[PDB]
Amino acid sequence: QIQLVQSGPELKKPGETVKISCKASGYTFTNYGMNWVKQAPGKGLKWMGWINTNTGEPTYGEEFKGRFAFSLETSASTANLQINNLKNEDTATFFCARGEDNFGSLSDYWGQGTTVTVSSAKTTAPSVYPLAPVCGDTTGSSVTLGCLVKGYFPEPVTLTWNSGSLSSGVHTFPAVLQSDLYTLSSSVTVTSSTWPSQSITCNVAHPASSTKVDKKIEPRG
Amino acid sequence: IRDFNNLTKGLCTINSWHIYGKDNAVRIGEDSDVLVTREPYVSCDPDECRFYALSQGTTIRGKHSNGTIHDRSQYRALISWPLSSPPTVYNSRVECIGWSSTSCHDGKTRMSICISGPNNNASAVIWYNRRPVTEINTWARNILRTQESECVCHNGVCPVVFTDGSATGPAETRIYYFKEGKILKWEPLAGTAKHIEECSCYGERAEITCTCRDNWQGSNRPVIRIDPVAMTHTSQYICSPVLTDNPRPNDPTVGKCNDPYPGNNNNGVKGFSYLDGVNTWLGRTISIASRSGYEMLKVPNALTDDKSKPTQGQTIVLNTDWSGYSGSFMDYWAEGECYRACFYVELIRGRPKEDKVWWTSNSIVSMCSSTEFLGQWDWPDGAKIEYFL
Ligand SMILES: *[C@@H]1O[C@H](CO)[C@@H](O[C@@H]2O[C@H](CO)[C@@H](O[C@@H]3O[C@H](CO)[C@@H](O)[C@H](O[C@H]4O[C@H](CO)[C@@H](O)[C@H](O)[C@@H]4O[C@H]4O[C@H](CO)[C@@H](O)[C@H](O)[C@@H]4O[C@H]4O[C@H](CO)[C@@H](O)[C@H](O)[C@@H]4O)[C@@H]3O)[C@H](O)[C@H]2NC(C)=O)[C@H](O)[C@H]1NC(C)=O
Ligand SMILES: *[C@@H]1O[C@H](CO)[C@@H](O)[C@H](O)[C@H]1NC(C)=O
Ligand SMILES: *[C@@H]1O[C@H](CO)[C@@H](O)[C@H](O)[C@H]1NC(C)=O
Ligand SMILES: [Ca+2]
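Heads up: the protein sequence lines correspond to chains L and U, in order. Sequential numbering from 441 applies to the first sequence in this note's numbering. Sequential numbering from 570 applies to the second sequence in this note's numbering.
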């Protein structure tokens, strides 16, 4: 029924501009205006303003009057956020939310979020390494094995074990940034009957750098 | 007319609504001397229909408009001014002093009731023919209130619903039957209705139907149907799942005819309905949490069916604009085979959602039925809270 689907996440060096789209589905655009909310990494949720999708008038929160500009491709049921002269402390996630009423006191139905990472760092493609055990039966007849996806910018990265056919007993850890780039890993635990016998592969796509890697975890023991 | 009015016709078919009156009070009152009002309504004499509302004793622009969020003070009065003029200092007429009212014309002249006083010693005095005839002191010592829309008369008898007592609980509701401003009889609320507030009424075919407000547990509205000839009544709730109070829970699939529909507690908005079998239309805010937007939906047999869903509808104020109180009135002295159902919406403006200014005030939109299916527009109060800064 109602889907607000947002653009994908961008990287932009300080000073640039970004236009984040919010494409609305399921309701009549015109009778429900749009709330733009900023959930900053640590800080929590903040109302950025509301746009009257009927007249087109925006309200900005005082914190947001200035570099921020709401607009709408009415015609296509899109609302957009534009942040000009990007400041480094604008990295965060922005949600368009539908406002139930006049002014948007209620956000029923929120979009997925578009995350911006303001950064002068250059995009780096990752290094994916098959981390196969020097055994030590990791729990009764279970072998744990892993994937270290090192040195990329920016995040996200999509790590699936064997096309996502392996879902049980995966742990993919959050990436961490060491100065300029990211390190991410994921363990998968299979039974001794499933490996080295069956082929476990760690498939890594870094779409910012157009990387898609498939590392077979070779037995190497 | 010079003879008592008798409700001898039935409603006309409601197939869409057409604009009857528009104020533009707040947009004009930015430069002219318009009075701050709230709780509007419309009522017709044999002679003219006039807009009616509770005033606050200051003009929008004067410095004394600060604080008019407040409901009752001793500077409120029930005034009257011509259909579609703004409530000006210079063309308004005070019917009485008080902070809750009802007023109606019995065919010969009119009854106006204002209620006043401290919350624990309030009084109602009933004016008949611009002279004070009878007064009634409080009976449950907690804000004696009444309709905030017109009463309806049949052969001189005009039932008026009053509530005194908590708004968050059991209160004491009584139906009074006045004639020529004197009390013929009165009775306690009888029926399955749990609480009564701000009834909106109309009459046809010798029966008066009021749609009211359950402030204590309802999201569906109590209906009181009064027999002005035997001077008795019954109360029930609208059976329909199309819930019409505000705030409200999301509309269910089966409603509740004899009980409050559960969800929002201790809140509400005044609202109306024309309940006439298949010819039933209901009004409600478009928003579920706020007084924004206003639509009219045709829900046949809504009163009695707990599965009634809308079959036609009409948008009166967009959900991107503010609405507020609504109520019913009819021109009973209009010529023709049936009665043309009309209603008004109060368009509230100011505090508290638009707190940049310090007043709360409102304007009026009213519509009346047609049998044509007419095209719809929407009808915004229209002022920009930014030009008053
Ligand atoms: C020229 O003018 C004509 C005349 O105006 C125009 O034609 C009219 O157009 C109207 C709009 O299309 C049309 O109204 C609709 O009629 C249908 C019947 O087929 C009726 O169901 C519609 O009412 C629902 O939808 C509106 C918005 O579309 C809602 O605001 C309303 O509340 C109704 O939906 C809610 O309640 C229903 C009952 O419970 C639920 O089924 C529904 O899910 C929904 O529930 C949610 O919303 C509630 C609050 O909004 C909330 O409380 C609840 O909990 C849920 O969250 C609507 O009235 C007229 O019938 C049609 N009339 C004629 C004569 O044709 C025409 O468009 C104009 N032409 C041009 C070219 O512009
Ligand atoms: C008004 O109606 C009552 C019965 O409801 C009837 O007895 C009375 O004579 C009527 N009078 C007029 C002037 O219509
Ligand atoms: C009225 O408005 C002023 C600002 O216009 C505000 O500071 C004051 O507290 C308000 N109340 C009263 C009684 O003045
Ligand atoms: Ca209620």
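Note that beta-carbon positions come from the ideal geometry of N, C-alpha and C, so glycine has one too.
Within the stretch 626-671 of chain U, complete alpha helix (DSSP H) segments of at least 4 residues are not found at all.
Assigned with DSSP and collapsed to three states, U/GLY846 falls in helix. At a threshold of 8 Å, U/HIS723 counts as near ligand 2, since its beta carbon sits closer than that to one of the ligand's heavy atoms. Ranked by how close their Cα comes to the Cα of L/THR531, the residues L/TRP490, L/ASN494, L/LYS452, L/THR563 have L/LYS452 in first place.
Approximately 13 Å separates the beta-carbon atoms of U/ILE765 and U/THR803; this is outside 8 Å, ruling out the contact. Among the bridge pairs identified by DSSP, U/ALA740 is matched with U/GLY734.
For U/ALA594, the enclosing alpha helix (DSSP H) covers residues 594-597. Per the DSSP secondary-structure output, L/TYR569 pairs in a beta bridge with L/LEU588. Distance check between U/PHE620 and each of U/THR940, U/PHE957, U/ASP900 places U/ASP900 closest, using alpha-carbon atoms only. Chain-order list of chain L residues neighbouring U/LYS922: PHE543, by C-beta distance under 7 Å.
In this chain, L/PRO481 is not harboured by any beta strand (DSSP E), its DSSP state being neither H nor E. Cβ-Cβ distances below 6 Å link L/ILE657 to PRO570, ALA572, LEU585, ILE640 in the same chain, with the five nearest sequence neighbours on each side left out; the list follows chain order. When Cβ-Cβ separations below 9 Å define contact, L/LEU546 makes contact with chain U. Residue state for U/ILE885 is assigned as strand, using DSSP reduced to three classes. Under the DSSP assignment, U/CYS613 falls in the beta strand (DSSP E) whose first and last residues are 604-613. Contact between the stretch 654-661 of chain U and the stretch 684-693 of chain U is absent: fewer than 3 CB-CB pairs across the two stretches fall below 8 Å. A direct Cα-to-Cα measurement between U/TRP927 and U/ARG918 gives close to 10 Å. DSSP, read as helix, strand or coil, puts L/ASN471 in helix.
Listed along the chain, the chain U residues whose CB falls inside 7 Å of the CB of L/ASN494 are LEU887, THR889. For U/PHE841, there is no enclosing beta strand (DSSP E), as DSSP marks it with neither H nor E. Straight across, the Cα-Cα distance linking U/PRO829 with L/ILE523 is about 48 Å. At a cut-off of 9 Å, the C-beta of U/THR929 has no neighbouring C-beta in chain L. Taking a beta-carbon distance threshold of 9 Å, L/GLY466 does not count as an interface residue toward chain U. In this structure, U/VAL811 has its beta carbon less than 8 Å from a heavy atom of ligand 1. At least one heavy atom of ligand 3 falls within 8 Å of the beta-carbon of U/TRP927. At least one CB of chain L lies nearer than 9 Å to the CB of U/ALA858.
Ligand 2 has a heavy atom closer than 8 Å to the beta-carbon of U/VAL798. Proximity of L/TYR472 to chain U, defined by a Cβ-Cβ separation below 9 Å, is satisfied. At a Cβ-Cβ threshold of 9 Å, L/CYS536 and L/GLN446 count as neighbours. Pairing U/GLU776 with U/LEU623 gives a Cβ-Cβ distance that is not under 9 Å. L/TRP487 is classed as buried because its beta carbon has at least 16 other beta carbons within 10 Å across all chains shown. One alpha carbon belongs to L/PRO566, the other to U/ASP950, and they sit about 59 Å apart. L/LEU546 is the residue among L/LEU546, L/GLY496, L/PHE534 whose C-alpha sits nearest the C-alpha of U/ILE857. By the C-beta density criterion, U/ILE648 is buried, having at least 16 other C-beta atoms within 10 angstroms. Within the stretch 685-707 of chain U, not one residue has a Cβ closer than 9 Å to any Cβ of chain L.
Straight across, the Cα-Cα distance linking L/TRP635 with L/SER608 is about 14 Å.
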